[PDB]
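> Just work_20.txt, nothing more (compact mmCIF, C-alpha atoms):
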```
# COMPACT_ATOMS: atom_id res chain seq x y z
CA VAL A 2 24.39 -68.74 -25.92
CA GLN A 3 27.92 -70.10 -25.47
CA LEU A 4 27.33 -72.33 -22.46
CA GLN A 5 24.45 -74.52 -21.36
CA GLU A 6 24.19 -75.82 -17.81
CA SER A 7 22.49 -78.99 -16.65
CA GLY A 8 21.88 -80.37 -13.19
CA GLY A 9 20.62 -78.54 -10.14
CA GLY A 10 17.59 -78.62 -7.90
CA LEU A 11 17.06 -79.91 -4.40
CA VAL A 12 19.48 -82.04 -2.43
CA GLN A 13 19.50 -83.32 1.15
CA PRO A 14 22.47 -82.44 3.39
CA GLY A 15 25.11 -85.11 2.90
CA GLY A 16 23.74 -85.93 -0.56
CA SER A 17 25.29 -85.49 -4.00
CA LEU A 18 24.47 -83.68 -7.25
CA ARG A 19 26.25 -83.52 -10.60
CA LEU A 20 26.28 -80.29 -12.64
CA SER A 21 27.31 -80.18 -16.25
CA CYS A 22 28.18 -77.52 -18.78
CA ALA A 23 28.09 -77.93 -22.54
CA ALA A 24 29.54 -75.80 -25.29
CA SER A 25 30.32 -76.11 -29.01
CA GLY A 26 32.63 -78.91 -30.14
CA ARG A 27 34.31 -76.61 -32.64
CA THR A 28 36.43 -74.81 -30.07
CA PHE A 29 35.69 -76.73 -26.80
CA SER A 30 39.22 -77.77 -25.91
CA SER A 31 40.60 -74.23 -26.40
CA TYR A 32 39.02 -72.93 -23.18
CA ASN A 33 39.43 -73.22 -19.47
CA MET A 34 36.06 -73.92 -17.86
CA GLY A 35 34.86 -73.32 -14.32
CA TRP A 36 32.04 -72.76 -11.93
CA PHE A 37 31.20 -69.75 -9.82
CA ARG A 38 28.30 -69.49 -7.37
CA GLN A 39 26.23 -66.64 -6.01
CA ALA A 40 23.97 -66.35 -2.99
CA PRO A 41 21.46 -63.46 -2.97
CA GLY A 42 23.03 -60.22 -1.74
CA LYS A 43 26.57 -61.57 -2.24
CA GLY A 44 29.04 -61.75 -5.13
CA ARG A 45 30.24 -64.43 -7.51
CA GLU A 46 32.39 -66.84 -5.56
CA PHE A 47 34.90 -68.96 -7.48
CA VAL A 48 34.17 -72.67 -6.90
CA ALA A 49 36.37 -74.69 -9.28
CA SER A 50 38.04 -74.53 -12.63
CA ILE A 51 39.85 -76.83 -15.05
CA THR A 52 42.31 -76.13 -17.84
CA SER A 53 41.65 -76.78 -21.54
CA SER A 54 43.39 -80.18 -21.52
CA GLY A 55 41.88 -81.27 -18.18
CA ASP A 56 45.36 -81.73 -16.63
CA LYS A 57 45.03 -78.99 -14.00
CA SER A 58 42.21 -78.00 -11.69
CA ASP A 59 41.66 -75.84 -8.65
CA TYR A 60 39.07 -75.34 -5.97
CA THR A 61 37.95 -72.86 -3.38
CA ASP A 62 39.03 -74.14 0.05
CA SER A 63 35.60 -74.91 1.41
CA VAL A 64 34.83 -77.48 -1.31
CA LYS A 65 38.16 -79.32 -1.37
CA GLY A 66 37.60 -83.05 -0.94
CA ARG A 67 33.87 -82.69 -1.64
CA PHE A 68 33.60 -81.28 -5.18
CA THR A 69 35.45 -82.60 -8.26
CA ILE A 70 35.58 -80.74 -11.57
CA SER A 71 36.30 -82.81 -14.69
CA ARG A 72 35.85 -82.47 -18.42
CA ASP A 73 35.14 -84.86 -21.24
CA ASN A 74 36.75 -83.09 -24.15
CA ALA A 75 35.57 -85.90 -26.47
CA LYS A 76 31.89 -85.18 -25.54
CA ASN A 77 32.20 -81.37 -25.29
CA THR A 78 30.96 -81.43 -21.70
CA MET A 79 32.44 -80.34 -18.35
CA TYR A 80 31.18 -81.58 -14.96
CA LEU A 81 31.08 -80.55 -11.32
CA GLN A 82 30.50 -83.55 -9.07
CA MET A 83 29.21 -82.15 -5.77
CA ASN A 84 29.38 -84.60 -2.87
CA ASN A 85 28.61 -84.25 0.82
CA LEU A 86 26.51 -81.17 0.19
CA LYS A 87 26.07 -78.61 2.95
CA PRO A 88 23.72 -75.68 3.63
CA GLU A 89 26.61 -73.33 2.82
CA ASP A 90 26.55 -74.66 -0.76
CA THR A 91 23.05 -73.30 -1.60
CA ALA A 92 23.45 -70.80 -4.46
CA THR A 93 23.00 -70.17 -8.14
CA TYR A 94 25.87 -71.94 -9.92
CA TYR A 95 27.20 -70.44 -13.16
CA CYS A 96 29.33 -72.19 -15.69
CA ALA A 97 32.02 -69.91 -17.13
CA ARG A 98 34.83 -70.24 -19.61
CA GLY A 99 37.79 -68.31 -20.91
CA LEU A 100 40.65 -68.77 -23.31
CA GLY A 101 43.26 -71.32 -22.25
CA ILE A 102 45.94 -68.60 -22.23
CA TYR A 103 44.57 -67.55 -18.84
CA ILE A 104 45.57 -69.11 -15.55
CA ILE A 105 42.40 -70.76 -14.21
CA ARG A 106 42.32 -68.72 -10.99
CA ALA A 107 42.15 -65.37 -12.85
CA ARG A 108 38.65 -63.97 -12.36
CA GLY A 109 39.33 -61.62 -15.26
CA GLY A 110 39.86 -64.58 -17.61
CA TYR A 111 36.21 -65.67 -17.87
CA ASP A 112 34.70 -64.34 -21.09
CA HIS A 113 31.52 -66.43 -21.31
CA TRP A 114 28.88 -67.19 -18.69
CA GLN A 115 25.92 -69.49 -18.62
CA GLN A 116 22.48 -68.52 -17.30
CA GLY A 117 22.94 -70.29 -13.98
CA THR A 118 21.34 -73.20 -12.21
CA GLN A 119 19.88 -73.05 -8.68
CA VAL A 120 21.15 -75.61 -6.16
CA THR A 121 19.33 -75.78 -2.84
CA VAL A 122 20.52 -77.94 0.01
CA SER A 123 17.50 -78.71 2.24
```
Can the structure from this file be put into structure tokens for me?

Amino acid sequence: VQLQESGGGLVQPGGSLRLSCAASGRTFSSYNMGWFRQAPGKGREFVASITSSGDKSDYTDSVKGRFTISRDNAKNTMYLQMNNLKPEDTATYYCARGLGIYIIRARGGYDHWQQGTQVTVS
């Protein structure tokens, strides 16, 4: 296991949830880290990602202004703060990471994947 997700569960529409993703401190700040999500019968949609240093981040259009990705390199933990949650956001959320040489938007850059956490908006 390279990545361990926390957070998830049930949320009311308009509510908030924080996801987190931990990895080893040895190499933590060498990797971009992001979140993808998957609804049954569909593919893995990019949600957000953040560069190794935390200086750059990006988001899929439908979550801009609602979700914020951040990382605490000191604590070896990355976060997705999900605010104003909507039915469209129900999915399994996967933490992913890839070497910092990749641009964060490159799907092909994500080497490691967590097991996923289910988020259901009531």
> With a distance cut-off of 8 Å and all atoms listed in the file, select the neighbouring residues of segment 30-43 of chain A, excluding the residue or stretch itself and same-chain residues fewer than 4 positions from it, and output the selection as a PyMOL selection string.
chain A and resi 26+47-54+70+74+77+79+81+91-101+103+105
> Those residues with C-alpha atoms, as a CSV table (one decimal), in the frame of the given file please?

```
chain,number,residue,atom,x,y,z
A,26,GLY,CA,32.6,-78.9,-30.1
A,47,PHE,CA,34.9,-69.0,-7.5
A,48,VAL,CA,34.2,-72.7,-6.9
A,49,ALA,CA,36.4,-74.7,-9.3
A,50,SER,CA,38.0,-74.5,-12.6
A,51,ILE,CA,39.8,-76.8,-15.0
A,52,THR,CA,42.3,-76.1,-17.8
A,53,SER,CA,41.6,-76.8,-21.5
A,54,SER,CA,43.4,-80.2,-21.5
A,70,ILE,CA,35.6,-80.7,-11.6
A,74,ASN,CA,36.8,-83.1,-24.2
A,77,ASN,CA,32.2,-81.4,-25.3
A,79,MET,CA,32.4,-80.3,-18.4
A,81,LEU,CA,31.1,-80.6,-11.3
A,91,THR,CA,23.0,-73.3,-1.6
A,92,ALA,CA,23.4,-70.8,-4.5
A,93,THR,CA,23.0,-70.2,-8.1
A,94,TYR,CA,25.9,-71.9,-9.9
A,95,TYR,CA,27.2,-70.4,-13.2
A,96,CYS,CA,29.3,-72.2,-15.7
A,97,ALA,CA,32.0,-69.9,-17.1
A,98,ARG,CA,34.8,-70.2,-19.6
A,99,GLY,CA,37.8,-68.3,-20.9
A,100,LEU,CA,40.6,-68.8,-23.3
A,101,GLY,CA,43.3,-71.3,-22.2
A,103,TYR,CA,44.6,-67.6,-18.8
A,105,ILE,CA,42.4,-70.8,-14.2
```
> Quick one: distance from atom CA of residue 84 of chain A to atom CA of residue 67 of chain A in Å, one decimal?
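Going from atom CA of residue 84 of chain A over to atom CA of residue 67 of chain A, I get 5.0 Å.
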> Find the distance between atom CA of residue 113 of chain A and atom CA of residue 89 of chain A and write it in Å to one decimal.
25.6 Å
> Find, counting only C-alpha atoms, the residue in A:82, A:116, A:71, A:28 that gets nearest to residue 2 of chain A.
A:116
> Can you work out the spacing between atom CA of residue 120 of chain A and atom CA of residue 58 of chain A in Å, to one decimal?
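According to the coordinates, atom CA of residue 120 of chain A and atom CA of residue 58 of chain A are separated by 21.9 Å.
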> List as a PyMOL selection string the residues having at least one atom at most 9 Å from position (25.9, -79.0, -17.9) as given in the file, counting only C-alpha atoms.
chain A and resi 4-8+19-24+78-81+96
> Calculated over all atoms listed in the file, which of the candidates A:3, A:123, A:25, A:17 has the smallest distance to residue 68 of chain A?
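Nearest candidate to residue 68 of chain A out of A:3, A:123, A:25, A:17: A:17.
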> With 5 Å of padding per side, what axis-aligned box (centre and edge lengths, Å, one decimal) covers all the listed atoms of segment 89-93 of chain A? Give it as JSON.

```
{"center_x": 24.8, "center_y": -72.4, "center_z": -2.7, "size_x": 13.6, "size_y": 14.5, "size_z": 21.0}
```
> Select, counting all atoms listed in the file, all protein, DNA and RNA residues no farther than 9 Å from (17.8, -81.7, -8.0) in file coordinates, and express the selection as a list in words.
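Here is the list of nearby residues: residues 8, 9, 10, 11, 12, 18, 119, 120 and 121 of chain A.
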> Using only C-alpha atoms, find the one residue out of A:88, A:73, A:59, A:46 that sits nearest to residue 14 of chain A.
A:88
> Measuring atom to atom with all atoms listed in the file, identify which of A:102, A:122, A:86, A:107 is nearest to residue 63 of chain A.
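Looking at the shortest contact to residue 63 of chain A, the residue is A:86.
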